[PDB]
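Below you'll find the structure, written out as structure tokens, and then a few comments.
In the authors' numbering, the protein residues as written are 25 to 144.
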């Protein structure tokens, strides 16, 4: 009853939302995006997301496919394995559809804790 359930959701979204820019900038160059930290690889033409999987102690960040070249749908997920009881095991998913380049946000959290802009 005292869990920070609303703030957990906001924190999780705040960890993945900025990555949309990172992805779009890479794809605009015809480079692929890969998970994790590191340097750009000019041989394979891959740009890392630049964030560690465990940057936010509420959970883990993942990219699929990895690497991603823009010719298939891309998903960025935040899995809340470190959250309190209401949100533990819940997943926020950002999907970029390749056909139109549009992004959507879905969550399997209880409706009252889903962040603004995301749907079930």
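Here a beta-carbon is modelled for each residue, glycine too, at the ideal position from N, C-alpha and C.
Return the residue from the list the options that minimises the CA-CA distance to residue i.
i	options	result
residue 120	51, 29, 32, 112	51
residue 28	123, 110, 122	110
residue 45	125, 133, 132	125
residue 65	78, 36, 91	91
residue 118	105, 99, 132	99
At which residues does the beta strand (DSSP E) containing residue i begin and terminate?
i	result
residue 56	56 to 58
residue 84	84 to 88
residue 126	From DSSP, residue 126 is part of no beta strand (DSSP E); its letter is neither H nor E.
residue 70	70 to 72
Where does the unbroken alpha helix (DSSP H) through residue i begin, and where does it stop?
i	result
residue 44	43 to 52
residue 40	29 to 40
Going along the chain, which residues of its own chain have a beta-carbon closer than 7 angstroms to the beta-carbon of residue i, five neighbours each way excluded?
i	result
residue 122	94, 95, 96, 97
For residue i, which residues in the same chain have their Cβ closer than 8 angstroms to its Cβ, ignoring the five residues on either side in sequence?
i	result
residue 108	27, 28, 29, 32
residue 34	139
Assuming residue i contacts residue j (C-beta within less than 8 angstroms), just tell me the rounded distance between them.
i	j	result
residue 61	residue 76	6 angstroms
residue 82	residue 106	5 angstroms
residue 132	residue 114	6 angstroms
Let's test the definition: count the other Cβ atoms within 10 Å of the Cβ of residue i and tell me whether it reaches 16, buried, or not, exposed.
i	result
residue 36	buried
residue 143	exposed
residue 67	exposed
residue 128	exposed
Output needed for residue i: all residues of its chain with C-beta closer than 6 angstroms, excluding positions within five of it in sequence on either side, in chain order.
i	result
residue 69	55
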